[PDB]
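The next block holds one structure in the form of structure tokens; read it before the comments.
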Protein chains: 2
Amino acid sequence: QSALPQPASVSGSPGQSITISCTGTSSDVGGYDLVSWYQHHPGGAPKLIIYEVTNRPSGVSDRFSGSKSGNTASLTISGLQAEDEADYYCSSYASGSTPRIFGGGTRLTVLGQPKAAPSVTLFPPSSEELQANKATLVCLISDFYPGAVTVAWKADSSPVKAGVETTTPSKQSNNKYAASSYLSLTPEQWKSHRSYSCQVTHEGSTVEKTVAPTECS
Amino acid sequence: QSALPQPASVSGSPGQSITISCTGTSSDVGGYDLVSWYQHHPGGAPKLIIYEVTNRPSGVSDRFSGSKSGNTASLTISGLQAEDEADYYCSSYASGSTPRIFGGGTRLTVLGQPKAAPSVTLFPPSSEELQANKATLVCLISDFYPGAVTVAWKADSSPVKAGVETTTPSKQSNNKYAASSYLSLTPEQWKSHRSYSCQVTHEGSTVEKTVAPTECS
């Protein structure tokens, strides 16, 4: 059955208030008082936050409330908090054969959250990695907001992008983002050049950390 | 409410059958014959495929079926096909504050190529980083399929969770996945132990990589 149309996404700021709509028809949202809403943080389990149009399970913040008018239902969130950032869905009892149809979901981004520069950390090819005749440098970028980051490499004060590989900013528990830039090199080209560096640029600023061939007894 | 735990990840090949479980209590799964299963493709709307434990709404193939025994419910998909690949959730009616509790979901992977065991590489704290009174270990996981892994860290045969951040696996060019996990530590904790080890599990198979403070003798 065709889903209940919902805004693909919405954005707000801490303390603000947002409304997410769920468009139904006289056969569902508008035919009964059985509309539910779910909050779902990807990776986690969906959570029932509203049922029977306006019922809010105990344990669910009063900042959330639901309602409907005609064939459209809405979920309103007040005093937006960073933790409200998640996906939200609606569903309704239907007059057809389907016992319950669902909305297509709405991703709610909570902006305004504090900014922060990344704490890049450069690693030299490990001992074992060198065994398999391999050598890769790791530029660990962590605790930064937004997930906006651009990285470059220098081979003895000379830009070299032959072997660069950066990951897509994965979010973390501390809510800040993290990513790693790899430089798949040769145990040959590493034990040759003097020192490799990593230049991470986050929101205008730019940080650098260099590492050179390490050897011991 | 506490999520009804279900397997994080399961895989199957075209034509085979797979079974996913949902664990609950006498207050929910056990207390009613109101278990549901939903199929959800990321980006799309959740689709109800099983309700009332074993009931199947119209339009839904006979390949899907549910059942329960005590406090554990189960979904079975037979004659697997590429399209069945998605996140699956269960839910049950419940007594108490919230009317319906949901499971954490299970990502099903219908094998479309041979499985690739993960290649793991562990990096020790750089001397440079150590100076700044910081200690970070990086664990790299590459070329694995299905794209799911769990990562754990140990200190001389003992668990660790503080400072443990692990990324989401991302699909690579070669159609296989990668991921990484780092562990923040104090140069003390580092030197304080004989060694730390990274444990990666893929499809039940677990491999380890260990590192020791000892750099020079």
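Labels for the structure tokens follow display order: chains A, B, ..., residues from 1 in each chain, ligands from 1.
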Determine, counting only C-alpha atoms, which protein, DNA and RNA residues have an atom within 7 Å of an atom of residue 37 in chain B; residues of the same chain fewer than 5 positions away are not included. Present the result as a ChimeraX atom specification. /B:48-51,88-91
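Chain copies chain B and chain A align, over all their C-alpha atoms in order, to a least-squares RMSD of 9.6 Å.
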Considering only C-alpha atoms, give me a table of residues in chain B that are at most 7 Å from chain A, with the closest atom pair and distance in Å for each, as a Markdown table.
```
| residue | atom | partner | partner_atom | distance |
| --- | --- | --- | --- | --- |
| B:3 | CA | A:45 | CA | 6.3 |
| B:44 | CA | A:104 | CA | 5.8 |
| B:45 | CA | A:104 | CA | 4.1 |
| B:46 | CA | A:102 | CA | 6.1 |
| B:47 | CA | A:102 | CA | 6.8 |
| B:57 | CA | A:98 | CA | 6.1 |
| B:58 | CA | A:97 | CA | 6.8 |
| B:97 | CA | A:58 | CA | 5.1 |
| B:98 | CA | A:57 | CA | 4.9 |
| B:100 | CA | A:48 | CA | 6.9 |
| B:102 | CA | A:46 | CA | 6.0 |
| B:103 | CA | A:45 | CA | 5.5 |
| B:104 | CA | A:45 | CA | 4.0 |
| B:105 | CA | A:45 | CA | 6.4 |
| B:121 | CA | A:129 | CA | 6.8 |
| B:123 | CA | A:126 | CA | 5.5 |
| B:126 | CA | A:123 | CA | 6.0 |
| B:167 | CA | A:170 | CA | 6.2 |
| B:168 | CA | A:170 | CA | 6.7 |
| B:216 | CA | A:216 | CA | 5.6 |
| B:217 | CA | A:217 | CA | 5.8 |
```
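Our summary of the geometry notes that CA of residue 28 in chain B is positioned 11.7 Å from CA of residue 68 in chain B.
Reported to one decimal place, the separation of CA of residue 143 in chain A from CA of residue 176 in chain A is 5.0 Å.
Proximity ranking of A:134, A:40, A:63, A:115 relative to residue 186 in chain A places A:134 first, based on only C-alpha atoms.
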One-decimal distance in Å that lies between CA of residue 191 in chain A and CA of residue 132 in chain B: 25.2 Å
Contacts of residue 198 in chain B at 7 Å or less, counting only C-alpha atoms, minus same-chain residues fewer than 5 places along, as a PDB file with N, CA and C atoms, in the first residue's frame?
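Just written: out04.pdb:
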```
ATOM      1  N   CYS B 139      42.434   0.586  15.352  1.00  0.00           N
ATOM      2  CA  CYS B 139      42.200  -0.740  14.814  1.00  0.00           C
ATOM      3  C   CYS B 139      41.489  -0.614  13.478  1.00  0.00           C
ATOM      4  N   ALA B 152      35.833  -5.175  19.828  1.00  0.00           N
ATOM      5  CA  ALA B 152      36.026  -5.059  21.266  1.00  0.00           C
ATOM      6  C   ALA B 152      37.505  -4.859  21.554  1.00  0.00           C
ATOM      7  N   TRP B 153      37.808  -4.313  22.723  1.00  0.00           N
ATOM      8  CA  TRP B 153      39.191  -4.086  23.109  1.00  0.00           C
ATOM      9  C   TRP B 153      39.460  -4.756  24.444  1.00  0.00           C
ATOM     10  N   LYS B 154      40.691  -5.220  24.619  1.00  0.00           N
ATOM     11  CA  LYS B 154      41.088  -5.886  25.850  1.00  0.00           C
ATOM     12  C   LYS B 154      42.405  -5.369  26.421  1.00  0.00           C
ATOM     13  N   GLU B 208      42.082 -11.662  16.509  1.00  0.00           N
ATOM     14  CA  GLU B 208      42.694 -10.697  17.411  1.00  0.00           C
ATOM     15  C   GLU B 208      44.014 -10.159  16.918  1.00  0.00           C
ATOM     16  N   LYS B 209      44.346  -8.971  17.395  1.00  0.00           N
ATOM     17  CA  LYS B 209      45.607  -8.332  17.072  1.00  0.00           C
ATOM     18  C   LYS B 209      46.039  -7.654  18.359  1.00  0.00           C
ATOM     19  N   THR B 210      47.291  -7.866  18.742  1.00  0.00           N
ATOM     20  CA  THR B 210      47.779  -7.296  19.985  1.00  0.00           C
ATOM     21  C   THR B 210      48.963  -6.359  19.799  1.00  0.00           C
TER      22      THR B 210
END
```
Please extract the residues of range 38-112 of chain B with a backbone DSSP assignment of strand (DSSP E or B) and present them as a ChimeraX atom specification. /B:38-40,47-51,55,64-69,72-77,87-93,100-103,106-110
Could you save those same residues with N, CA, C and O atoms as a compact mmCIF listing (two decimals), in the first residue's frame?
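See part-v2.txt below for the written result:
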```txt
# COMPACT_ATOMS: atom_id res chain seq x y z
N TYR B 38 8.03 -6.00 10.82
CA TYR B 38 7.99 -4.97 9.79
C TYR B 38 9.23 -5.08 8.95
O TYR B 38 10.31 -5.37 9.47
N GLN B 39 9.08 -4.85 7.66
CA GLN B 39 10.20 -4.85 6.75
C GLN B 39 10.51 -3.38 6.48
O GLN B 39 9.60 -2.60 6.20
N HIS B 40 11.77 -3.01 6.57
CA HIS B 40 12.14 -1.62 6.32
C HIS B 40 13.44 -1.50 5.55
O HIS B 40 14.49 -1.97 6.00
N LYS B 47 7.19 -1.44 6.38
CA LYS B 47 6.02 -2.15 5.89
C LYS B 47 5.69 -3.28 6.85
O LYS B 47 6.57 -4.06 7.23
N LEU B 48 4.43 -3.33 7.28
CA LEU B 48 3.96 -4.37 8.20
C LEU B 48 3.80 -5.68 7.41
O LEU B 48 3.06 -5.73 6.43
N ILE B 49 4.48 -6.74 7.84
CA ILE B 49 4.40 -8.02 7.13
C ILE B 49 3.82 -9.16 7.95
O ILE B 49 3.33 -10.13 7.41
N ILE B 50 3.87 -9.03 9.27
CA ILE B 50 3.31 -10.05 10.15
C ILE B 50 2.71 -9.36 11.37
O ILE B 50 3.31 -8.43 11.90
N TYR B 51 1.55 -9.83 11.80
CA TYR B 51 0.91 -9.26 12.99
C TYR B 51 0.14 -10.36 13.69
O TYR B 51 -0.25 -11.33 13.07
N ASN B 55 -0.22 -13.94 11.94
CA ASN B 55 -1.02 -13.40 10.86
C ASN B 55 -0.22 -12.61 9.83
O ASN B 55 0.77 -11.95 10.16
N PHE B 64 7.04 -15.29 4.14
CA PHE B 64 7.22 -14.71 5.45
C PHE B 64 6.25 -15.39 6.40
O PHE B 64 5.12 -15.70 6.03
N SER B 65 6.70 -15.66 7.61
CA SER B 65 5.84 -16.30 8.59
C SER B 65 6.40 -16.06 9.96
O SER B 65 7.61 -15.89 10.13
N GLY B 66 5.52 -16.02 10.95
CA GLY B 66 5.97 -15.79 12.30
C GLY B 66 5.45 -16.83 13.27
O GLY B 66 4.56 -17.61 12.95
N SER B 67 6.00 -16.83 14.47
CA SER B 67 5.61 -17.77 15.49
C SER B 67 6.27 -17.35 16.78
O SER B 67 7.21 -16.55 16.77
N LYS B 68 5.79 -17.89 17.89
CA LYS B 68 6.40 -17.59 19.16
C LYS B 68 6.33 -18.82 20.05
O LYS B 68 5.61 -19.78 19.77
N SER B 69 7.10 -18.78 21.12
CA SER B 69 7.16 -19.85 22.07
C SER B 69 7.59 -19.17 23.36
O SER B 69 8.73 -18.72 23.49
N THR B 72 9.78 -15.75 23.49
CA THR B 72 10.55 -15.53 22.27
C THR B 72 9.70 -15.72 21.02
O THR B 72 9.04 -16.74 20.86
N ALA B 73 9.73 -14.71 20.16
CA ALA B 73 8.98 -14.74 18.90
C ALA B 73 9.97 -14.95 17.77
O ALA B 73 11.16 -14.69 17.94
N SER B 74 9.50 -15.39 16.61
CA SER B 74 10.40 -15.62 15.50
C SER B 74 9.82 -15.36 14.12
O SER B 74 8.65 -15.65 13.86
N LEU B 75 10.66 -14.82 13.25
CA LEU B 75 10.28 -14.56 11.87
C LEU B 75 11.09 -15.52 11.02
O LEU B 75 12.26 -15.77 11.30
N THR B 76 10.46 -16.06 9.99
CA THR B 76 11.13 -16.97 9.09
C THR B 76 10.89 -16.52 7.67
O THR B 76 9.75 -16.29 7.27
N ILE B 77 11.97 -16.37 6.90
CA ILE B 77 11.85 -15.99 5.51
C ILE B 77 12.40 -17.17 4.73
O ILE B 77 13.53 -17.59 4.95
N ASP B 87 16.23 -4.16 6.73
CA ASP B 87 16.22 -4.18 8.18
C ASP B 87 14.86 -4.72 8.57
O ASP B 87 13.84 -4.34 8.00
N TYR B 88 14.83 -5.63 9.53
CA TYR B 88 13.56 -6.21 9.97
C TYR B 88 13.37 -5.94 11.44
O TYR B 88 14.31 -6.03 12.23
N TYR B 89 12.15 -5.61 11.81
CA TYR B 89 11.88 -5.34 13.21
C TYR B 89 10.70 -6.16 13.69
O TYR B 89 9.89 -6.62 12.89
N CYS B 90 10.63 -6.36 15.00
CA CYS B 90 9.50 -7.05 15.59
C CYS B 90 8.99 -6.10 16.64
O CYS B 90 9.62 -5.09 16.95
N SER B 91 7.82 -6.41 17.17
CA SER B 91 7.23 -5.60 18.20
C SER B 91 6.17 -6.46 18.86
O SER B 91 5.75 -7.47 18.31
N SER B 92 5.75 -6.07 20.04
CA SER B 92 4.72 -6.82 20.73
C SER B 92 3.89 -5.86 21.53
O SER B 92 4.38 -4.81 21.95
N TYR B 93 2.62 -6.21 21.75
CA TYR B 93 1.78 -5.36 22.58
C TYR B 93 2.38 -5.55 23.97
O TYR B 93 3.16 -6.48 24.19
N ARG B 100 3.20 -0.59 23.02
CA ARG B 100 3.95 -1.50 22.17
C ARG B 100 5.46 -1.25 22.19
O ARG B 100 5.93 -0.12 22.01
N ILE B 101 6.22 -2.32 22.42
CA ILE B 101 7.67 -2.26 22.49
C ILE B 101 8.27 -2.84 21.22
O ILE B 101 7.76 -3.82 20.69
N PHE B 102 9.36 -2.24 20.74
CA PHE B 102 10.01 -2.68 19.52
C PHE B 102 11.40 -3.30 19.73
O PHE B 102 12.06 -3.07 20.75
N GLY B 103 11.83 -4.10 18.75
CA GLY B 103 13.13 -4.73 18.83
C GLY B 103 14.15 -3.83 18.16
O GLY B 103 13.78 -2.90 17.46
N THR B 106 17.07 -6.19 12.74
CA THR B 106 18.07 -7.12 12.23
C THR B 106 18.31 -6.85 10.77
O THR B 106 17.39 -6.92 9.96
N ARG B 107 19.55 -6.53 10.41
CA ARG B 107 19.86 -6.29 9.02
C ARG B 107 20.14 -7.64 8.34
O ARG B 107 21.05 -8.38 8.75
N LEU B 108 19.33 -7.97 7.34
CA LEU B 108 19.48 -9.23 6.62
C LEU B 108 20.26 -9.03 5.34
O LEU B 108 19.93 -8.17 4.54
N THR B 109 21.31 -9.83 5.16
CA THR B 109 22.10 -9.73 3.93
C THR B 109 21.99 -11.00 3.11
O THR B 109 22.40 -12.09 3.54
N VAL B 110 21.43 -10.85 1.91
CA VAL B 110 21.29 -11.97 0.99
C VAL B 110 22.57 -11.96 0.17
O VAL B 110 22.78 -11.08 -0.67
```
